[PDB]
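Okay, structure first, notes after.
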Amino acid sequence: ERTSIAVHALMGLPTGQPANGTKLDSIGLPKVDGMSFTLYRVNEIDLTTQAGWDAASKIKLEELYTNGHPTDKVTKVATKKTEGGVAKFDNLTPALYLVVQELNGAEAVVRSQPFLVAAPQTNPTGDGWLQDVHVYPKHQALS
Amino acid sequence: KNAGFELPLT
């Protein structure tokens, strides 16, 4: 079996709502189509064993993001463009996936900050592991 | 929460 990461493209910042690190009902507000996202795998980190989240949890954006750009601490995985406001990645081996929104395109919209998510993720109860990780990163529009 | 990384953006 394999793991997969589903990224739901959304536009606009939360409206007084709290940050949720789990599945939530989709707002369904106008999404940004033709959005570019790319996955980068963090080396030395394997979500295959328990020790993996411990080391990974000690990760500092300072190491993956210091000069406003990624370092050698990341490995190129694949670049795909979200279409229809929804993107999905498959054939994912246990590790750490990092999503970066490319500046290219997005003329009426400004590039939002990137987000990081480990895969696979443990179940809400901590029992077993989930084969699919859901993410709802929002974009920041221009003006 | 324990498990997770940084996906505050919903």
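Following the order of the structure tokens, chains are lettered A, B, ..., residues in each are numbered from 1, and ligands are numbered from 1.
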
For residue 10 (chain B), find every residue with an atom within 10 Å (counting only C-alpha atoms), except residues of its own chain fewer than 3 positions away, and show them as a PyMOL selection string. (chain A and resi 8-10+13-14+17-27+135-139) or (chain B and resi 7)

Show which residues sit within 10 Å of residue 47 (chain A), as a VMD selection string. Count only C-alpha atoms, and ignore same-chain residues fewer than 6 positions away. chain A and resid 53 to 56 93 to 96 118 to 121

For the selection you just gave me, I'd like the residues written to a file as a PDB file, in the first residue's frame, keeping C-alpha atoms.
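Output file selection-v9.pdb is given in full below:
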ATOM      1  CA  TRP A  53       8.679  12.093  14.124  1.00  0.00           C
ATOM      2  CA  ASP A  54      10.933  12.883  17.086  1.00  0.00           C
ATOM      3  CA  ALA A  55      13.812  14.054  14.902  1.00  0.00           C
ATOM      4  CA  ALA A  56      11.435  15.683  12.456  1.00  0.00           C
ATOM      5  CA  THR A  93       6.980   6.760   0.628  1.00  0.00           C
ATOM      6  CA  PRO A  94       7.036   7.488   4.421  1.00  0.00           C
ATOM      7  CA  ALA A  95       8.955  10.714   5.080  1.00  0.00           C
ATOM      8  CA  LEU A  96       8.210  14.442   5.159  1.00  0.00           C
ATOM      9  CA  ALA A 118       4.592  14.887   7.642  1.00  0.00           C
ATOM     10  CA  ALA A 119       3.330  11.763   5.859  1.00  0.00           C
ATOM     11  CA  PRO A 120       1.854   9.385   6.796  1.00  0.00           C
ATOM     12  CA  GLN A 121       0.165  10.907   9.853  1.00  0.00           C
TER      13      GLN A 121
END

Contacts of region 61-66 of chain A at 12 Å (only C-alpha atoms; same-chain gap of 2+ positions) as a ChimeraX atom specification: /A:40-43,56-59,68-75,96-100,113-116 /B:5-6

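The space between CA of residue 141 (chain A) and CA of residue 88 (chain A) spans 22.6 Å.
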
Given only C-alpha atoms as the basis, pick out the residue of A:143, A:29, A:16, A:131 nearest to residue 4 (chain A). A:131

Using DSSP secondary structure from the backbone, list all helix (DSSP H, G or I) positions within region 11-135 of chain A, as JSON, numbers by chain. {"A": [50, 51, 52, 53, 54, 55, 56, 57, 61, 62, 63, 64]}

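Residue nearest residue 2 (chain B) within the list A:132, A:105, A:87, A:124: A:124 [criterion: smallest interatomic distance, only C-alpha atoms].
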
Mind the document's chain letters and residue numbers, and return as a short mmCIF file (atom, residue, chain, number, x, y, z; two decimals) with C-alpha atoms, in the first residue's frame the residues of chain A that DSSP labels strand (DSSP E or B).
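What ended up in part.cif:
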data_model
loop_
_atom_site.label_atom_id
_atom_site.label_comp_id
_atom_site.auth_asym_id
_atom_site.auth_seq_id
_atom_site.Cartn_x
_atom_site.Cartn_y
_atom_site.Cartn_z
CA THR A 3 0.36 7.01 1.21
CA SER A 4 -1.11 10.09 -0.47
CA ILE A 5 -1.34 13.83 0.25
CA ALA A 6 -4.43 15.76 -0.79
CA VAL A 7 -4.08 19.54 -0.92
CA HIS A 8 -7.28 21.57 -1.22
CA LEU A 10 -8.44 27.83 -1.05
CA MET A 11 -8.37 31.63 -1.48
CA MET A 35 -2.09 27.04 -8.90
CA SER A 36 1.48 25.75 -8.81
CA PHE A 37 2.72 23.64 -5.90
CA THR A 38 5.79 21.43 -5.59
CA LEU A 39 6.80 18.74 -3.11
CA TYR A 40 10.18 18.58 -1.44
CA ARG A 41 11.35 15.70 0.75
CA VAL A 42 13.39 16.43 3.86
CA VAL A 74 15.49 19.22 1.17
CA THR A 75 15.24 16.85 -1.79
CA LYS A 76 13.38 17.54 -5.02
CA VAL A 77 10.43 15.17 -5.34
CA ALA A 78 7.94 16.43 -7.92
CA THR A 79 6.25 19.56 -9.25
CA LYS A 80 2.56 19.50 -10.19
CA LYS A 81 -0.04 22.18 -10.87
CA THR A 82 -3.33 22.04 -8.97
CA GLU A 83 -6.31 22.06 -11.33
CA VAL A 86 -7.74 20.39 -5.93
CA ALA A 87 -4.41 18.55 -6.12
CA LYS A 88 -3.44 15.00 -5.16
CA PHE A 89 -0.13 13.19 -4.83
CA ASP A 90 0.28 9.40 -4.79
CA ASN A 91 3.05 6.79 -4.56
CA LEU A 92 4.39 8.54 -1.47
CA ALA A 95 8.96 10.71 5.08
CA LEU A 96 8.21 14.44 5.16
CA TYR A 97 6.53 16.42 2.40
CA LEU A 98 6.95 20.17 2.04
CA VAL A 99 4.66 22.22 -0.15
CA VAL A 100 5.95 25.43 -1.72
CA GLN A 101 3.75 27.72 -3.83
CA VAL A 109 -3.07 36.74 -6.38
CA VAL A 110 0.01 37.15 -4.20
CA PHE A 115 3.34 24.87 4.75
CA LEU A 116 4.86 21.58 5.91
CA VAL A 117 3.16 18.26 6.61
CA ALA A 118 4.59 14.89 7.64
CA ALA A 119 3.33 11.76 5.86
CA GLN A 121 0.16 10.91 9.85
CA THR A 122 -0.92 9.09 12.99
CA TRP A 129 -1.50 5.33 10.89
CA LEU A 130 -3.54 7.15 8.26
CA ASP A 132 -4.12 9.72 3.41
CA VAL A 133 -3.22 13.20 4.65
CA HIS A 134 -5.68 16.04 4.02
CA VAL A 135 -4.56 19.67 3.87
CA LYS A 138 -5.33 29.06 1.83
CA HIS A 139 -3.86 31.60 -0.57
CA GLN A 140 -3.34 35.32 -0.03
CA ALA A 141 -4.91 37.43 -2.78
#

When distances are computed from only C-alpha atoms, which of A:126, A:45, A:30, A:85 shows the smallest separation from chain B? A:126

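Note that the spacing between CA of residue 4 (chain B) and CA of residue 34 (chain A) amounts to 27.5 Å.
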
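Interatomic distance, CA of residue 84 (chain A) against CA of residue 12 (chain A): 16.5 Å.
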
Determine the nearest neighbour of residue 9 (chain B) from the options A:142, A:102, A:125, A:112, counting only C-alpha atoms. A:112
